[PDB]
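Undergrad: 3D, please:
(6 chains, ligands or ions: 9)
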Amino acid sequence: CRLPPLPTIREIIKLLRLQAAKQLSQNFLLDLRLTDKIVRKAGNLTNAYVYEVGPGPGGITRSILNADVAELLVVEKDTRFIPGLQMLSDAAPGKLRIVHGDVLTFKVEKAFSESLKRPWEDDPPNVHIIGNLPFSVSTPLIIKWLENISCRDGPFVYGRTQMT
Amino acid sequence: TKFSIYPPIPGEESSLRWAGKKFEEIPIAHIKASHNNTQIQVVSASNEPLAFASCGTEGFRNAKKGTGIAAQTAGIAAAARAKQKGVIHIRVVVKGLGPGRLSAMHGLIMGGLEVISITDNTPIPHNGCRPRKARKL
Amino acid sequence: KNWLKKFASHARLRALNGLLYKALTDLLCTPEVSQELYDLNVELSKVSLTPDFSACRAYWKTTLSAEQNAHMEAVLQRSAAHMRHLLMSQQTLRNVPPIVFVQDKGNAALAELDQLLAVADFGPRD
Amino acid sequence: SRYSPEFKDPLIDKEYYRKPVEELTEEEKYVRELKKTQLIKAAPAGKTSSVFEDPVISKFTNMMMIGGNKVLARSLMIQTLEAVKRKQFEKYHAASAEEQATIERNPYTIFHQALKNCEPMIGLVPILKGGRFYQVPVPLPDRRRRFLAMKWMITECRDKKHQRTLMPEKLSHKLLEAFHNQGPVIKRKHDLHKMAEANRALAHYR
Amino acid sequence: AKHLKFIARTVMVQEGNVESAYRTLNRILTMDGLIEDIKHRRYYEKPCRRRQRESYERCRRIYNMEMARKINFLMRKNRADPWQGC
RNA sequence: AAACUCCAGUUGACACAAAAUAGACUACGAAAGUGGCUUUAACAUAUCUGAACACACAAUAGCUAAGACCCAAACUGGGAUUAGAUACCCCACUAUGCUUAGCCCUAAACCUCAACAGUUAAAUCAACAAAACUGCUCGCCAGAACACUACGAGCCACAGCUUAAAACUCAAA
Ligand SMILES: [K+]
Ligand SMILES: [Mg+2]
Ligand SMILES: [Mg+2]
Ligand SMILES: [Mg+2]
Ligand SMILES: [Mg+2]
Ligand SMILES: [Mg+2]
Ligand SMILES: [Mg+2]
Ligand SMILES: [Mg+2]
Ligand SMILES: [Mg+2]
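TA: Numbering: from 1, shown residues only, chains lettered A, B, ... in the order given. Ligands and ions are numbered 1, 2, ... in the order given. Let me share the structure:
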């Protein structure tokens, strides 16, 4: 699979129209090797359905896509990275579905098909969440998803979905 | 006779009279000049509230309350409401270091009252309560 | 600490500008800086912080007399450091950049244009 | 320039040299001695010590010039002055006894007042800062407005809607119209003084 | 509170010159240190910071006075040159 | 903007809280510390040195019981904020800061100067810091990291505090 190059820091600054390295207000993991390590620690994703959050430049996106996932759902809050993610989608036909919106408010129980819903008592239901998000939003999300597990709704309508 | 900057004392008799009354019988205009608001209350020597006017009572809202013009308007309103009660001479007692510290007195003078003395009564603790922490802006 | 040796040797920016403007006006309202400066009744138009927070430019309204303007300029440059020390000591801002007093003359154009429009002839339907 | 910088402009004023030494102030006296050492440029063709010299009319003749033809320009100027004088005499003869005190017959006074009545006091400056032209008011200098009056008069008289009416006859009529605060030149001044007020808020930018 | 009123921090207006009276009151409060106390008491100053500030102010005063004394002492020499040429 | 409107101004009554100015002073104490007033006790030693462990003390924070609570305030809520907002601004209110009786025993606990005695003549002296030394005594140190670590031992502490290594590795630090 031929993917476009990972954006460099300068391209990120220009895309955000900041013109400086001091008003970035964000930290990016632009090493595909660490991201591949992370996705390796996420388990075996072959023929799996991933729901990724906070892609940004997309190092984690590329690392997951290199693994043989069945379809990768991206949720991005910046419109300014949607062009890069669209180029990635064109590079990988059918394995990338980009969605603009908040991860705190997106409804995943309708995102994937209903044939993946496995009973709670069985193994994890072939769906996985991977995330490298801002630390100011990763804690409300884990609290919300813990509530969802307690109610067995939201992303866990499919069963015992694994998170990384 | 040399003019005395110091006020007269109630005990020692003095020849200073204002419209026939002595110093301790003149009405008192209490000004509270806060950072966002100014409040003027005119009272009699026996502590009878005659007039009251603050920047919020004259229609100014939010940040417009803490300006010189708003304090001047409040002073003018208090001066009119006190002039309608037989007050001409006043003793000004100011409290606080807000923007309306002096604008209130401009308003009072422009409303027709005559200031015969200025007193400051800003609360200065000798280290009582602990102030709040400095803002980290 | 050998003082004899020592002496011998953006949304945030707008809020800081407003805070410093209010603080500087409050400082100028009294003889806290100096009695001489208190006598001149300097009025400030705005406070502008450089994007790197390297200097604070305080724009003070100028008068029509030139000698008064020069005297105000001199005392302001002589008193800027004392204002910085007072601002930092009052904990209005934990670190204040050097203060530079800049003259403001923007209202001059409006004033002259008002003066000329007062005496100008617009003809019918003025 | 074939004149060296040390060369200075000549002063053609004839009564200036006649000022008694008694009146001279010490600074004036000083400049009078200083000018002795300086080199003075040859007086140009044009201004003279004559008593009928009018610098304003000379400048107007220079602005009516086309192709260095000063003879024709001065001919047109004198024809205009004569036409104005004749029209005023014709109007003065046909006037009632009490109207004869308020009819001006001197063409020079009429010319100067007509040019003064058209001088704009405020003007506009094109200034593109935000990518768009912003015409802002500005106080015009005296020289600028004096030039603008003359140029507006000349351009008004060179308009092509006036066909076969010779320039002297057009210019005398326009001067007489401007003498009474009427005509298209005064309207051009008014439309500028109104458009400089309709964009008054733009002074805040500049 | 328990004290007699219109004695402390009170100034009498002369000939209706209210402005001069207000400015004199401001001068009094400034030279008595009340204004600085009020401005400093808005927010709490930590004891170590207060100690450092007081030490810095004291030593700045001492250094400035010494430098001024040196300049005044050496100003006597500043005059026209008596041995000009040599 | 939320909040309050049993709100706000004058006046009167009213702390188990912390102590303007003096203090531009440089004092007391072994150190830590000590800056509102009065009174009672009271600041060892007529050689010096002398302890991680002996004997007594040790800022702030923290923990047991009881109590007080104006103000301040870790956390916890709410208000406002870009496009992953302000952690920073605003409001409310906890532990805590206070008192009584016990613990805990750590600080940039620093003048980063071990205690006593002496000298200013020398070459003054790697550098900087804080002028250079001598006599005598106790404590401590012998490349970096591993390591304010592991184990052993001790402790009102139970993760804590004190003492404190080795293997592998490097040519440096
Ligand atoms: K220290
Ligand atoms: Mg001993
Ligand atoms: Mg030992
Ligand atoms: Mg302790
Ligand atoms: Mg405690
Ligand atoms: Mg509490
Ligand atoms: Mg505390
Ligand atoms: Mg020892
Ligand atoms: Mg240990």
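
Undergrad: ok, now which ones touch residue 41?
TA: In the absence of a named chain, this looks at chain A. Counting by CB atoms under 8 Å, 6 or more residues apart in numbering or on different chains, residue A:41 touches residue A:164. Any C-beta I mention is one placed from the backbone N, CA and C, and that applies to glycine too.

Undergrad: wait, chain E
TA: Neighbour list for residue E:41: B:124, B:125, B:131 [criterion: CB under 8 Å, 6+ apart].

Undergrad: how about the nearest residue to the last one once chain neighbours are set aside, what does it touch?
TA: So the one you mean is residue B:131. Leaving out its chain neighbours, the residue that sits closest to residue B:131 by CB to CB, 6 or more residues apart in numbering or on different chains is residue E:44, at 4.5 Å. Residues near residue E:44 by CB under 8 Å, 6+ apart: B:130, B:131, B:132, B:133, B:134.

Undergrad: make a ChimeraX selection of the buried ones in the residues you listed.
TA: Buried residues among those (16 or more other CB atoms under 10 Å in any protein chain shown), as a ChimeraX selection:
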select /B:134
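
Undergrad: ok, residue A:40 to RNA strand F distance?
TA: To RNA strand F, residue A:40 is 23 Å away according to CB to the nearest atom of the strand, to the nearest Å.

Undergrad: what about that residue, distance to chain C?
TA: Applying CB to the nearest CB, to the nearest Å, the value for residue A:40 to chain C is 41 Å.

Undergrad: tally of neighbours for residue 137?
TA: In the absence of a named chain, this looks at chain A. 16 (other CB atoms under 10 Å in any protein chain shown).

Undergrad: switch to chain B, please.
TA: Neighbour number of residue B:137 under other CB under 10 Å is 10.

Undergrad: skipping adjacent residues, who's closest to residue C:53 in space?
TA: residue C:97 (5.4 Å).

Undergrad: my error: substitute residue A:159 in the last question.
TA: Excluding the flanking residues, the one nearest residue A:159 by CB to CB, 6+ apart is residue A:125, at 3.4 Å.

Undergrad: helix/strand/coil for that neighbour?
TA: Classification of residue A:125 using DSSP: H, G, I helix; E, B strand; the rest coil returns coil.

Undergrad: what's near enough to touch it?
TA: Counted by CB under 8 Å, 6+ apart, residue A:125 has contacts A:116, A:117, A:118, A:158, A:159, A:160, A:161.

Undergrad: ok, so of these, who is nearest RNA strand F?
TA: Closest approach between the contacts of residue A:125 and RNA strand F, by CB to the nearest atom of the strand: residue A:161, at 18.4 Å.

Undergrad: and the residue nearest to residue A:159, how far from residue C:125?
TA: Residue A:125 is 81 Å from residue C:125, where distance means CB to CB, to the nearest Å.

Undergrad: that older thread, just name the closest of the contacts of residue A:125 to chain B, please.
TA: Chain B lies nearest to residue A:161 out of the contacts of residue A:125, by CB to the nearest CB, at 41.0 Å.

Undergrad: list the buried ones in the strand or helix carrying residue B:80?
TA: Per DSSP states H and E: residue B:80 is located in helix B:68-83. For helix B:68-83, burial by neighbour count (16+ other CB under 10 Å) applies to B:68, B:70-79, B:81-83.

Undergrad: can you check stretch B:21-28 too?
TA: Buried, per 16+ other CB under 10 Å, within stretch B:21-28: B:23, B:26, B:27, B:28.

Undergrad: outside of that stretch, which residues touch it?
TA: Stretch B:21-28 is touched from outside by B:7-8, B:10, B:14, B:16, B:18, B:42-45, B:50, B:82, B:87, B:89-93, B:116-117, E:6, with contacts defined as CB under 8 Å, 6+ apart.

Undergrad: again, only this time at 6 Å
TA: B:8, B:10, B:42, B:43, B:44, B:45, B:87, B:89, B:90, B:91, B:93 (CB atoms under 6 Å, 6 or more residues apart in numbering or on different chains).

Undergrad: same question for stretch B:107-120.
TA: Applying CB under 6 Å, 6+ apart, the contact partners of stretch B:107-120 are B:7, B:18, B:29, B:72, B:75-76, B:79-80, B:83, B:89-94, E:6, E:9-13, E:18, E:21-22, E:25.
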